[PDB]
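Some notes on the structure that comes next.
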Amino acid sequence: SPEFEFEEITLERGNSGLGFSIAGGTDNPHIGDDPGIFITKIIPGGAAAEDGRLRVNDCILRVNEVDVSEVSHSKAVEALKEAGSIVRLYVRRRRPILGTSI
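Residue 876 in my numbering sits at position 85 of the sequence shown, and the numbers go up by one each step.
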């Protein structure tokens, strides 16, 4: 910050899981060598969509009490799957700043 904002979002797992897809990790970093776990898709009607807070391009930093800021993709996937039925996600989002260069 102020470039980013941070948010905690709790989801109750449903029959369609948490309702989103992720990409990234230390083994498959994005440009700039960013190992972050990023939301790439939110499915209609799933927990994330119904809660309405999560957005595509959000970066998941923590799942319950598991740090996922620097982990492999598979570990992130495991962290989310083993988090159980109530999942607390700590996320980072780029702050929309209406700035002007001087």
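For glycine and all other residues, C-beta sits at the position ideal for the given N, C-alpha and C.
Query                                                                                                                         : Result
Residue range of the unbroken alpha helix (DSSP H) whose run includes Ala-814                                                 : It is not in any alpha helix (DSSP H) - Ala-814 instead sits in the beta strand (DSSP E) that spans 811-815.
Beta-carbon contacts of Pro-887 that lie in its chain and below 7 Å, excluding the five residues immediately before and after : none
Endpoints, the alpha helix (DSSP H) within which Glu-794 is located                                                           : Here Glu-794 belongs to no alpha helix (DSSP H), and DSSP marks it neither H nor E.
Cα-Cα separation between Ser-807 and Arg-853, rounded to whole angstroms                                                      : 21 Å
Beta strand (DSSP E) segment containing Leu-852, residue limits                                                               : 850-854
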